[PDB]
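*Asks:* the data below comprise the sequence and an experimental structure of the protein.
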Amino acid sequence: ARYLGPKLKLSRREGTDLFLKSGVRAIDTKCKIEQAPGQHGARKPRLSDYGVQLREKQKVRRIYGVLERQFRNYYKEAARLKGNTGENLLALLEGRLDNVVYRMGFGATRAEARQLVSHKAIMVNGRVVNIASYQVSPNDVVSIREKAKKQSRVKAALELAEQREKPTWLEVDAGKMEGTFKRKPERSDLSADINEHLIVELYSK
Amino acid sequence: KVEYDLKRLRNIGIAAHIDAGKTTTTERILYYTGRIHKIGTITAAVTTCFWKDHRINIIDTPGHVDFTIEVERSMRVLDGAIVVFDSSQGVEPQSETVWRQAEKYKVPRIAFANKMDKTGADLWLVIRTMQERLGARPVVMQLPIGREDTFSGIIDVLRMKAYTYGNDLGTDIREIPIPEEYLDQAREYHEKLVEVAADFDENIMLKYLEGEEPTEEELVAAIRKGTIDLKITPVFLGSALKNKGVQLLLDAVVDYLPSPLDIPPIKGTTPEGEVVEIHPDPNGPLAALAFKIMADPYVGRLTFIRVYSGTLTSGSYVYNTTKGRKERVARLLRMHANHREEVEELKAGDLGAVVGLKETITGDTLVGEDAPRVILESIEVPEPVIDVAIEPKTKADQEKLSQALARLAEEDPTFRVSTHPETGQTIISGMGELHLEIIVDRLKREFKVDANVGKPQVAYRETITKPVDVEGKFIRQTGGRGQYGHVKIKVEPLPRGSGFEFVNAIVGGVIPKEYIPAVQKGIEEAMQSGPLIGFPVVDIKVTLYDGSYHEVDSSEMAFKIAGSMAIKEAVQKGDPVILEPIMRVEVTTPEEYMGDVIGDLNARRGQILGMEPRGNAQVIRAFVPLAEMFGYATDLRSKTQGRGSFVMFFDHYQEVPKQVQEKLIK
Amino acid sequence: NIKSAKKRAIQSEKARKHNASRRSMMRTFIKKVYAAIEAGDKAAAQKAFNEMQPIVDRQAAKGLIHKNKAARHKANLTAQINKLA
RNA sequence: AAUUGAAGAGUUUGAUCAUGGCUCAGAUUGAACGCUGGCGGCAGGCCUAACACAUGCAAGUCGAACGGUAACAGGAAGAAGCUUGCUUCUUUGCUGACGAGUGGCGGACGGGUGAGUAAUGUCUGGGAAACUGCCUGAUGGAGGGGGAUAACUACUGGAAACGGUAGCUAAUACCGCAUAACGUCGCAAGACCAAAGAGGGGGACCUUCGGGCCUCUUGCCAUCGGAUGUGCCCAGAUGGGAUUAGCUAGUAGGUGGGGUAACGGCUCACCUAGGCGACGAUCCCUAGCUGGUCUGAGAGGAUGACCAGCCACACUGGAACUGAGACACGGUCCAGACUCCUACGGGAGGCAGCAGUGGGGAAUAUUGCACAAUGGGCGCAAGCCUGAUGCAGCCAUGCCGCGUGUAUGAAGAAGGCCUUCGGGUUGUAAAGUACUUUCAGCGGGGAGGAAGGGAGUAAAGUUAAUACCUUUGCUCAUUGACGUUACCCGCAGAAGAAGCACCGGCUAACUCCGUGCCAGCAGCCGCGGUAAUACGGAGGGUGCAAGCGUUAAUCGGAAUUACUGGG
């Protein structure tokens, strides 16, 4: 139940980059971005509050590599909790182990960070964890297992991570490859071009 | 604690033409092999019995009676066979069949002369036939003391010992030496036996000419190594009713009857596609075939199976590739001639029944639950020979009948159900009179359905003799959608087997371009209900050479009618003729019966075509009307006492003898 | 029905047949009583009342007619004698 | 901190507003079907025929109540298998034990079912006239007699299931008699009722060497309470119909007897003439009730599978017996329907227990392992029994996680689809190249569910007492079905793992070709009669994903039964 297919071909559609070739070069181009997410590629997408109001969450979903089910529950979650309900849905995503590993630097792409967690190449407070879903909490201590450490991938991984805007709410290492999870990401940090009362309106009607 | 040497397995079938002694012979075998008594119904398909350190599996059921198929099914699974013969029936015309259909598969067998006590019971007379009819190389293995009413003891040449029977209850027997006279008669037959056994063991050949006697052990080896190759057939004897020659026939079993090992491996196919032998090793993949389902009141569905490779295990999981299904075998079971022995496993070459499984119907291939999802062969092709008309009375029964086959077609795929593609009524494919007959009891009884049972109808055809030409007018001018169509055609008969040909014979265009399609769909159409009885008026060429029209009134449709009128009448006018179906048939028969065979066919509105010999038989080709061709099986098998078989194909349609013209006006 | 405690059956037979008797005998006596009253025979009653009492109470603490039955009985019966006796 | 949450669209007209139906987008499911399908975790699994049922299992247990020996183990005066310590039979019940029999306790629980039942029901809340095994507190009893019986022996009828005579015998079986109050009866005075012994261990002493005796446990009877259970009354709520408006004779009330564990027309004689009913009786149809559950913003609507409470039923109708308890789910008698056996005379049985069969149906799974865990029965105990229960098997049925790779790759390959032939697109997609290896596969490692019981000891309880018994430690060897357990460690190679629907509008997604009111689509509006974004194929795309659809169905949208909230 992972997406699996042509990663880039997605960003094209959402009209952004979601960092799915995240890998190396960037601001795509060298890909084919934009004016043809299909064959009537040119064609203007004029559309519905429904079409726009979808594309937002649909896109977000794509960003984190979540599937509509888990996602719904995230939303119902956001709902269940106190706080701006879109904001919560965002945190809920941000606490994803997988998220919190690309966000450390350990992983080149989120889609890869996860590749590691599945393979128990990762620990929290001393227990190997290996479910991407795993919700991380303030004061946790995510890290690479010693075995399979400073390896191939994780190298450039931690690397280009620095060139990234670089988070805040996590202290990371590199020698260690250990990483604190320090607090729960504010609406303020991470964001701008992402519109929650849309992907709430959605599940709201 | 091996208890399974394999080389101790005897899987045998009792075949032979009806009357015989098959059934009776079996219950008997199942009394000796298990009378035990030591200081301490063919109840389901196959049964196990022990005879001197040897397990025997029997499947008596043959019957021959028209429909064999079953006989030829067990035959494939099992390895050995006794072809019981009725000693008495001497001018025996049906001793045959049975066998000529055995080597037909490739399996070894010994012969038994059963009623050696009933009048006319002449042993030789059989052999004077077993080489005269089928023509094999049987080997006298015994000589009876007291032909028929004077049935006392018997003698085994190979072992030159004499036994006797003081009664017929099967108790007071004994091995009493040769009674004065006789003796001499033996020798010679015991020499030829050894002389026969010579064509196998060179050792039993020299020692012959040198003056030494082959060892009672190397002698057996010859006979045995000789039968198993389908070269010889050891003949024995004894009144099975009087319990005589049975306990000796049983030895005859092991001594000459093949073991699951002496037999040639089953071929199967991988999921990829490639033949491959299936080795009788109780440690290779699990490969077993099924062959008989049965509903047990106590344990439910039972699926008797013949293992070939690996080994099925009680409380495991199997997999049927045939119907891609994961069956869960829970309990294994072996049928003892009187109780339910619950064992724990069947190793390759062994036979019994599993309990569980739901999707496993006949001929299913069960492998391990990971083994190469392979499928054996099994391909048997016994089609039908006799069918009937079955019209389920009021639509009510038409249903009870649907369910009828919905369960009866699984409990016996030796038939076929078909809805005549031309007239509702459904056909019931059988394999001989009796067959369909006894279905007619169960399908009507244990299904309470009560329909009709007459004969099929015949797919007739209409056409004409003389070519005609008539007007096709329509016009309806009153005030608006005028409806104006009209055409003239050229109708002309074509050779019986011509088809449908129209002719766009319009000059400048008196009949617009756009309307011709429709004037054809009209003619083409009308030809549906004939002018005589209402059948597909066919075998003609049509020519549209004229017809006018109107600027506003005409219609695509208005023309389809006009043309459907020109035709609806040219056929009425050109003198119609009720054509009918002619078949191609080929009766395979010994020119012995031939004489009348051809006759009967002539007196069937048919006309003969030839007979180019085949094998020992001879084939006859010719045409016939499907009407005067019904229930031919039980008519061919009449002029041939069974030695007759036929095929059938369609060919053409042809006029009815006029006398049959006004006949059909029904 | 085959199930060890077919016995249970035969047990309650012996049982019934026993209580049957007593119970009977007991009624028999209490009947002797209302008879007396029912006629007017003050003393004969009392007498037969005395006779039944011990048998009542007894058969009760024995079990087969526990407690308040006797009560009720010796009760109303009593009430009856000093009704018109 | 703890119900804080309410969205509309399409379609009447040439156009409009309104009214008004119809239709869709959401959630939900004990589902089914079509296509497709990798793993696991947890739940679910006959909704129809309360249809019929082969077989096996689902209730036993105590020898510390009893006469006992038939089985298998042992021993034994004494006889022997002898191969002069290894030991075999006559027996002998001598004890460890145990078939059959008596007795005791349990078979009124557990488990199944929804057929009946619109009130001997359920929920909510009060009440009084009651009984209550096993557990429990209090106080007394526990004296002394008797006659039976099964088992068994003889003889005997039966095919069998099961009897028939006559013996003989035991107890915690039965019955007397004594005893008798804080019991019952009675204002009182009086009167009246009960019972069972059994084991363990013991110095002196000793006797009919079995024991009396001493002591300890456990049982037996009685009344009073406790607790649990149960019966019982009352008012309120508890579906539809008036195209059912009248109902009722034990009927409503009284009295008196009788009745029950108890109040009571519960039953009867008698008197009264009442009693119910538009606040809906009666009649007819339907239904187990609840906690809950789905839906909704809520109010409502719909519902009452699994889990838990109550009720009801046990092939159908009827009935009592035994008992603390039943009018009994593997009890009894009758009647009925029905099947089985039979030697023909006569007999046996009821899966709505677990599994399984047939039948019905769109549909619903194994004749599994285990008493190791909790729990129930009997027992002092150990034990035995337990289809309760714990588990495993089957099915994508649901929910929940996981995987099916991760990077990198360009003038952007070929092929395919479009193309105004410039190219476009599929497309970082592929391939190439690095890197990872969870999960399936292999092989090792390896938790917890295990508390207790068993002996050894140490005491402290009692007691004549250090024996024995109760608790307490102490020590020692041990008790899982699951089970190749969870979890961990390695081995190899991307290796074994993607599919379904949609793309005219509602509605996210479009072009080409085929077709020519045909073939066909279609939830509504409506597509199709030669350039079809609607049919069918392809390319492309959109949505979902080991699922996707489709059908079925409840609520929602529906302010469209409008209390909230309309006319």
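*Replies:* Looks like it came in fine. Numbering: from 1, shown residues only, chains lettered A, B, ... in the order given.
*Asks:* next one: phi and psi at residue A:97?
*Replies:* Backbone torsions for residue A:97, taken as degrees, to the nearest 10, come to phi -40, psi -60.
*Asks:* neighbours of it, just the number please.
*Replies:* Using other C-beta atoms under 10 Å in any protein chain shown, residue A:97 has 23 neighbouring residues. C-beta coordinates here come from the backbone N, C-alpha and C atoms, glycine included.
*Asks:* surely it and residue A:127 touch.
*Replies:* No: using C-beta atoms under 8 Å, residue A:97 is not in contact with residue A:127, being 11.9 Å away.
*Asks:* okay, domains of the chain per the record?
*Replies:* No chain was given, so I picked chain A. A:7-93+A:190-203, A:94-181 (CATH domains of a matching chain).
*Asks:* um, chain B though
*Replies:* B:1-263, B:280-377, B:410-460, B:461-579, B:580-666.
*Asks:* to residue B:641, which of the domains of chain A lies closest?
*Replies:* Nearest of the domains of chain A to residue B:641, taken as C-beta to C-beta: domain A:7-93+A:190-203 at 75.1 Å.
*Asks:* pull the distance from that closest one to the chain's centre.
*Replies:* Its chain's C-alpha centre and that of domain A:7-93+A:190-203 lie 10 Å apart, by C-alpha atoms, centre = their mean, to the nearest Å.
*Asks:* same check on stretch B:487-501?
*Replies:* The answer for stretch B:487-501 is 44 Å, by C-alpha atoms, centre = their mean.
*Asks:* repeat that for stretch B:166-174.
*Replies:* That offset, for stretch B:166-174, works out to 41 Å (C-alpha atoms, centre = their mean).
*Asks:* touching that stretch from outside, list them.
*Replies:* Stretch B:166-174 is contacted by residues B:28, B:31-32, B:163-165, B:239, B:241-244, B:246-247 when judged by C-beta atoms under 8 Å, 6 or more residues apart in numbering or on different chains.
*Asks:* pull out the buried positions in that stretch.
*Replies:* Buried positions in stretch B:166-174, judged by neighbour count with 16 or more other C-beta atoms under 10 Å in any protein chain shown: B:170, B:173.
*Asks:* what is the neighbour count of residue B:513?
*Replies:* Neighbour tally, residue B:513, other C-beta under 10 Å: 9.
*Asks:* host element of it?
*Replies:* Using DSSP states H and E, residue B:513 is not contained in any helix or strand.
*Asks:* distance of it relative to RNA strand D?
*Replies:* Residue B:513 sits at a distance of 13 Å from RNA strand D (criterion: C-beta to the nearest atom of the strand, to the nearest Å).
*Asks:* how much space between that residue and residue B:556?
*Replies:* 12 Å (C-beta to C-beta, to the nearest Å).
*Asks:* for residue B:201, same thing?
*Replies:* Distance from residue B:201 to residue B:556, by C-beta to C-beta: 90 Å.
*Asks:* higher neighbour count, those two?
*Replies:* Shown here are residue B:201 and residue B:556; by other C-beta under 10 Å, residue B:201 has more neighbours (20 against 15).
*Asks:* OK, contacts around the more buried one?
*Replies:* Residue B:201 sits next to B:214, B:218, B:221, B:222, B:225 when contact means C-beta under 8 Å, 6+ apart.
*Asks:* about what we covered before: and RNA strand D, which of the contacts of stretch B:166-174 reach it?
*Replies:* Counting by C-beta under 7 Å from any atom of the strand, the subset of the contacts of stretch B:166-174 that neighbours RNA strand D is empty.
*Asks:* now the buried members of those.
*Replies:* Judged by 16+ other C-beta under 10 Å, buried ones among the contacts of stretch B:166-174: B:28, B:163, B:164, B:165, B:239, B:241, B:242, B:243, B:244, B:246, B:247.
*Asks:* mind putting those residues in JSON lines, distance to residue B:355 and secondary structure included?
*Replies:* Output for those, formatted as JSON lines (distance: C-beta to C-beta, whole Å; DSSP: H, G, I helix; E, B strand; the rest coil):
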{"residue": "B:28", "distance to residue B:355": "30", "secondary structure": "helix"}
{"residue": "B:163", "distance to residue B:355": "43", "secondary structure": "strand"}
{"residue": "B:164", "distance to residue B:355": "46", "secondary structure": "coil"}
{"residue": "B:165", "distance to residue B:355": "42", "secondary structure": "coil"}
{"residue": "B:239", "distance to residue B:355": "39", "secondary structure": "coil"}
{"residue": "B:241", "distance to residue B:355": "36", "secondary structure": "coil"}
{"residue": "B:242", "distance to residue B:355": "39", "secondary structure": "coil"}
{"residue": "B:243", "distance to residue B:355": "35", "secondary structure": "coil"}
{"residue": "B:244", "distance to residue B:355": "39", "secondary structure": "coil"}
{"residue": "B:246", "distance to residue B:355": "33", "secondary structure": "helix"}
{"residue": "B:247", "distance to residue B:355": "34", "secondary structure": "helix"}
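*Asks:* would you turn those into TSV with distance to residue B:43?
*Replies:* Shown next, in TSV, are those (distance: C-beta to C-beta, whole Å):
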residue	distance to residue B:43
B:28	15
B:163	31
B:164	33
B:165	28
B:239	25
B:241	21
B:242	24
B:243	21
B:244	25
B:246	20
B:247	22
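*Asks:* spell out the secondary structure type for the most centrally placed residue in chain C.
*Replies:* By C-alpha atoms, centre = their mean, chain C has its centre lying nearest to residue C:26, at 3.4 Å. Three-state call for residue C:26 (DSSP: H, G, I helix; E, B strand; the rest coil): helix.
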